[PDB]
Amino acid sequence: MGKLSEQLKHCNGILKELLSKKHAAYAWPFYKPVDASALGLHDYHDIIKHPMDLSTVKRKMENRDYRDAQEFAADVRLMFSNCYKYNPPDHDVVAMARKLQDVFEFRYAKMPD
Ligand SMILES: CCNC(=O)c1ccc(O[C@@H](C)c2ccccc2)c(-c2cn(C)nn2)c1
């Protein structure tokens with residue numbers, strides 16, 4: 001198995017973990033695209049040029065869209081950055097993002113070489 005395949009299986013494992021019951025208490029705001037209209041965030045799409053969420057990452061992984069781990073990481077980090085850009089840093093969703101990003105970053109660091 002090639003290194004890109006092996007690294008994308010590590011990425012797929014991380015993605016499975018981020019969507020797992022273990023992290024659900026803080027991962028759930030990142031499961032589906034932000035429904036700005038439903039949440040009354042009528043400025044969301046003016047501020048966030050590139051929306052990203054774990055369902056979109058899962059679809060891109062299933063569709064073999066990601067060519068390497070770096071591409072996968074960039075979407076997961078884009079999702080967190082969107083949260084930090086839109087939200088005051090003392091808001092509950094930001095605490096949830098920080099916790100889920102901690103799970104992501106520590107396991108992404110264990111990438112097989
Ligand atoms: C700048 C002020 N921010 C918001 O008004 C706001 C409100 C709700 C959000 O999402 C719902 C799913 C939520 C609810 C409770 C706890 C946590 C989240 C969000 C939101 C969701 N995401 C991914 N980013 N912001 C922002």
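In this chain, residues are counted from 1 in sequence order. Keep in mind that the numbers below use all heavy atoms, side chains included, and drop hydrogens, waters and symmetry copies. Order of appearance sets the numbers: ligands from 1, and atoms from 1 within every ligand.
Short contacts between ligand 1 and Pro88, defined as distances under 4.0 Å to a heavy atom of the residue, involve ligand atoms 1 (C). The ligand atoms of ligand 1 that sit less than 4.0 angstrom from a heavy atom of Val34 are 22 (N), 23 (C).
Checking each of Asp35, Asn82, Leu39 against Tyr44 for a side chain to side chain contact (heavy atoms under 4.5 Å, CB included) leaves exactly one that passes, namely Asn82.
The shortest heavy-atom distance from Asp92 to ligand 1 is not under 4.0 Å.
Note that CE of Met61 is 9.0 Å distant from NZ of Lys16, once rounded to the nearest 0.5 Å. The CG atom of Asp75 sits 10.5 Å away from the NE2 atom of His50 when rounded to the nearest 0.5 Å.
The closest protein non-hydrogen atom to atom 12 (C) of ligand 1 is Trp28 CZ3, 3.6 Å. At the shortest separation from atom 24 (N) of ligand 1 among protein heavy atoms lies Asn87 ND2, 3.4 Å.
Contacts between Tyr86 and ligand 1 below 4.0 angstrom, taking non-hydrogen atoms only, involve backbone and side chain alike. Contacts of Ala97 with ligand 1, taken as heavy-atom pairs under 4.0 Å, are absent altogether.
Looking at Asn63, its side chain never comes within 3.5 Å of a backbone N or O of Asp65 through a donor-acceptor pair. Side-chain atoms of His23 do not come within 3.5 Å of backbone N or O of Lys99 as any donor-acceptor pair.
The aromatic rings of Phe72 and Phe104 are tilted relative to each other, their planes meeting at an angle between 30° and 60°.
Distances from atom 9 (C) of ligand 1 to the heavy atoms of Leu39, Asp43, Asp53 put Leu39 nearest. Here atom 7 (C) of ligand 1 lies nearest to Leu41 when heavy atoms of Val93, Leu41, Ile48 are compared.
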Using side-chain contact (heavy atoms from CB on, under 4.5 Å), reason through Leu18 and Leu100 one step at a time and then give a plain yes or no. CA-CA 7 Å; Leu18 298 183; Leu100 193 68; 3.7 Å; yes
